[PDB]
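Encoded as C-alpha cells, the following chain is the form deposited without the DNA, with no partner shown.
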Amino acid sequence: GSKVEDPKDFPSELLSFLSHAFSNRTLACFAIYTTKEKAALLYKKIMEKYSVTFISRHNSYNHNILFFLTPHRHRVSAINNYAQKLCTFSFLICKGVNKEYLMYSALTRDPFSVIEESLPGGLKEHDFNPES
C-alpha cells in the first residue's frame, strides 16, 4: 500500500534546493517526483497547461522527476492540484524550487540523469544569470 511503497518526499539529495511550505508565495520553478509512467505523460501535460519556458524529465532510480520553469508565477498548491487530479493512482510529490540552477544541475549528475528536455543542450549556469 502507499504508506509502505510510496516515497513521502523528494530524494534527500535534493531537499535543500526545494521550498518547504504556506502556499501564499508565487514561484516560477517547480519539480514533480512521481512514477516513470506518470512523469512521461505529465511532461507533455505540464508543458501544455503552463506554457513552460523549459521542462526536463530525469531518471531517479526506479522513478522520475520533472523540473520546469514557467513564464509567469504560480502557487505550488495550484500546480500540485492540477498534477494530482490528472491521474488518480500512485504517488506524486510537487514542490517549488528555490535553488533553480543547483536543482537542475544535480538532476543531470549521478544518481540522476536526463531522459528528455524541451531545449536541445539543456541549461547551464549562464542561463540562470541576467541576460547580457
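Heads up: residue numbers just count along the shown sequence, starting at 1.
We do not show the form deposited with the DNA bound, though everything after this point is about it.
Only one of 102 to 110, 67 to 75, 33 to 41, 86 to 94 gets a heavy atom within 4.5 Å of the DNA in the bound PDB entry; which is it?
Looking at the partner contacts, the answer comes out as 67 to 75.
Look up in the bound PDB entry whether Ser12 has a non-hydrogen atom within 4.5 angstroms of the DNA, and give yes or no.
No, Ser12 stays farther than 4.5 Å from the DNA in the bound PDB entry.
I'd like to know whether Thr53 contacts the DNA in the bound PDB entry, with contact meaning heavy atoms within 4.5 angstroms.
Contact check for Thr53: no, nothing within 4.5 Å of the DNA in the bound PDB entry.
Counting only non-hydrogen atoms and a 4.5 angstroms cut-off, does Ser118 reach the DNA in the bound PDB entry?
It does not: once the DNA is placed as it appears in the bound PDB entry, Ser118 has no heavy atom within 4.5 Å of it.
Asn98: heavy atom within 4.5 Å of the DNA in the bound PDB entry?
Close contact exists here: in the bound PDB entry, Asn98 approaches the DNA to within 4.5 Å, heavy atoms only.
In the bound PDB entry, which residues of 21 to 45 put a heavy atom within 4.5 Å of the DNA?
If the 4.5 Å heavy-atom criterion is applied to the DNA in the bound PDB entry, 21 to 45 yields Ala21, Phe22, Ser23, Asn24, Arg25, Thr26.
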